[PDB]
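*Asks:* please find the sequence and an experimentally derived structure below.
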Amino acid sequence: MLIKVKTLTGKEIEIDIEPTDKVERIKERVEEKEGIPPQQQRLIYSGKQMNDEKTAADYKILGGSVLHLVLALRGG
Amino acid sequence: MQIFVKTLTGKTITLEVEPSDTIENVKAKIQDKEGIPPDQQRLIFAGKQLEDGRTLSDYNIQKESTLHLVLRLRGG
Amino acid sequence: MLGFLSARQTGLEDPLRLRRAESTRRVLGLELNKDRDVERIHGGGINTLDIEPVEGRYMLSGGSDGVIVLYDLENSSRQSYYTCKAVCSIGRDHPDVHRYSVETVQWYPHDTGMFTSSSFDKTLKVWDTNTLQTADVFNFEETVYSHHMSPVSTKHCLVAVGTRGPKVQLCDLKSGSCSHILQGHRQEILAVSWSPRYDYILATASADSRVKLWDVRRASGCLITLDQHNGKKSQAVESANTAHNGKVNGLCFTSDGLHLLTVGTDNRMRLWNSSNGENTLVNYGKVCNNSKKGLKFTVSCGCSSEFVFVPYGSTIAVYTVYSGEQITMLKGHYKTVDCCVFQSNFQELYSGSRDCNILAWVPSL
Amino acid sequence: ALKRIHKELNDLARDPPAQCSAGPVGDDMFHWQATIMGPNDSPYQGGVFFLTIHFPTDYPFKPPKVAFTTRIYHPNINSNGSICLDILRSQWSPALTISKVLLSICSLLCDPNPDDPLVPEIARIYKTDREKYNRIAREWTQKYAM
């Protein structure tokens, strides 16, 4: 499926993932196409901060399901 | 150039504006586009009131941007 | 506490001694927990809670907006801190949701598969825990403040339902017949409760300051009519034998079933004997309540001295049942407390309030 | 009505607002959870404040009870996380949809009105000294939002 990870500025980064990828995979894919390493993301899908161990199928992420990306500058 | 605004009724309309243009004329354009009075609009960009006595160039607005239209509110 | 461990080890004291002493110590050190949370799901207040009797795992809650959440109190995570995630919920989108406030949700005794609820929509629905579908619904002619199922009866499955009419209703979850009624009260029936010990002894509290124990097998009135002064101010039973001075809106048999705690709007508790209705003169001091519906409260189990947890204004009060001393006053809420339920397994207390919160109190250390 | 909420959910999934995100928490569609990213050029920058929406049984013609879950520093929002917008209590309008109430709240995060405040203790600080306000709000954001 395609998830388009749109950030604050409105830029709509496209991403592709299999239905069972762990959200760390999603953050890593965002790293490749956008450049922010996975430590500094906080992906928010439909008002639930996604947790780094859940599988994407947990949240019922479908084709064209827009996430939100917010920078955590500290990010450990 | 032009700009996108998302009216209240779900529709979206495109406004032909210039950066020098003031927000009062922007609200007047919203009016004669669909007709909610200059007082009742409250344009939102990046979660900021678009002040009536200012221009788009003040708020760092460029082409293919988006402005959000809501109903006038107040504090409490 | 090492003394208790050694005493248990060398067989001096029975293991019962350490078990009960430690449970009492934990309940005495009860405090609110920020190391635990219960997810906020009710739009309005929480009117009722009932941890499941067997295994103490799930937990219902009757929101004042008609939503029946079904929590899960087991820390399925790995961290010390966790939140009791809501497994299921009878949301407003549900076809058979309660239209108005749900004020009693109780698990079907001896069977966690089902559970029951009742609301001001004048309905009592028998919910199936698995598919969340109404197995049976009984429609009353008037509201339903509180209902209760016998936690001991393996023979019958009647359900006392205290409507705001003067007549206690008995609904049968087996072949439906709400015909059986118990006449004798004079005003609304704000809180009923079956006897945990005897199968057929039902204690019903009303708003006319009378607490009556009914032998539902008997069809000629009530066994007893509780009287404050134990018959000192003797008067025939036409306008006398009032267990309180104002509305009496809460009943809770002690765990053993030997004593019937009653709390009423006159701001007093009274530990009545459950076999002859003789007030035992336990003081309890002045307990504050002003609610105008069923006030829920529970009594500890498996502790040396039986504690009672009564909603006291916006705070939970912890009294010792058989001495009346005030142990403490748990203080963490923002509005009046409507229901506190004791988790007997681990000595934990969950207290839903009117501020949409369900604060889980747990012992310290 | 559900169908109104269904249409809102679909048209929000398709074309989401920029710095907002709301979706049902579980099976019950009447109980959403939302999220207001702190607007840029504000003490709330980089923050993620979680709301908790509750739609009534007549949602088009009756406001939803939104209430902050992340303790926000604001004259118009009490420590309990409750808001006091006029649009949300008195001047509710069906045409206003959840994507709009959330955005209006986001805008009001930067445009409080200490006159008639829900928290006069903070309102006095805001009215008198705005320099300290932008630091106390910043520390609250850093200690709750991040």
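*Replies:* Sure thing, it's come through. Numbering: from 1, shown residues only, chains lettered A, B, ... in the order given.
*Asks:* write out the residues of chain D neighbouring chain A.
*Replies:* Counting by C-beta under 8 Å from any C-beta of the partner chain, the positions of chain D adjacent to chain A are D:13-14, D:16, D:18-19, D:21-25, D:32-35, D:37, D:40, D:46, D:48, D:50-51, D:146. Quick note: C-beta positions are derived from backbone N, CA and C, even for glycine.
*Asks:* same check, this time on chain B
*Replies:* Residues of chain B lying near chain A by C-beta under 8 Å from any C-beta: B:46, B:65, B:66.
*Asks:* can you map out the helices along chain D?
*Replies:* D:2-14, D:86-89, D:98-108, D:120-128, D:130-144 (DSSP state H).
*Asks:* turn those into a markdown table, including mean neighbour count.
*Replies:* Formatted as a markdown table, the helices of chain D follow (neighbours: other C-beta atoms under 10 Å in any protein chain shown):
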| stretch | mean neighbour count |
| --- | --- |
| helix D:2-14 | 15 |
| helix D:86-89 | 17 |
| helix D:98-108 | 24 |
| helix D:120-128 | 16 |
| helix D:130-144 | 14 |
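*Asks:* can you put these in a markdown table and add distance to residue C:188?
*Replies:* Converted to a markdown table, the helices of chain D look like this (distance: least, C-beta to C-beta, whole Å):
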| stretch | distance to residue C:188 |
| --- | --- |
| helix D:2-14 | 35 |
| helix D:86-89 | 33 |
| helix D:98-108 | 41 |
| helix D:120-128 | 42 |
| helix D:130-144 | 46 |
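*Asks:* so which of those comes closest to chain C?
*Replies:* If you check each of these against chain C by C-beta to the nearest C-beta, helix D:2-14 wins as the nearest, at 5.7 Å.
*Asks:* what's in contact with the closest one?
*Replies:* A:46, A:64-66, B:10, C:93, D:22-24, D:29-30, D:55, D:59-60, D:97-99 (C-beta atoms under 8 Å, 6 or more residues apart in numbering or on different chains).
*Asks:* and the residues of chain D next to chain A, which of them are buried?
*Replies:* Buried members of the residues of chain D next to chain A, scored by 16 or more other C-beta atoms under 10 Å in any protein chain shown, are D:16, D:18-19, D:21-25, D:32-35, D:37, D:40, D:46, D:48, D:50-51.
*Asks:* need the contact list for the nearest residue to residue D:104 once chain neighbours are set aside.
*Replies:* Using C-beta to C-beta, 6 or more residues apart in numbering or on different chains and skipping residues adjacent in sequence, the residue nearest residue D:104 is residue B:70, 4.7 Å away. Taking C-beta under 8 Å, 6+ apart as the criterion, residue B:70 is in contact with B:8, B:41, B:42, B:44, D:96, D:100, D:103, D:104, D:107.
*Asks:* now residue D:29: phi and psi?
*Replies:* phi -70, psi -10 (degrees, to the nearest 10).
*Asks:* pretty sure it is touching residue C:94, no?
*Replies:* No - in this structure residue D:29 lies outside contact range of residue C:94 using C-beta atoms under 8 Å: 10.0 Å.
*Asks:* re the thing from before, put the buried members of the contacts of helix D:2-14 into a PyMOL selection.
*Replies:* In PyMOL syntax, the buried subset of those is picked out as below (16+ other C-beta under 10 Å):
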select buried, (chain A and resi 46+65+66) or (chain C and resi 93) or (chain D and resi 22+23+24+29+30+55+59+60+97+98+99)
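*Asks:* mind checking which of the contacts of helix D:2-14 land in strands?
*Replies:* Mapping the contacts of helix D:2-14 onto strands (DSSP state E) picks out D:22, D:23, D:24.
*Asks:* pick the one among those closest to chain A.
*Replies:* residue D:23 (2.8 Å).
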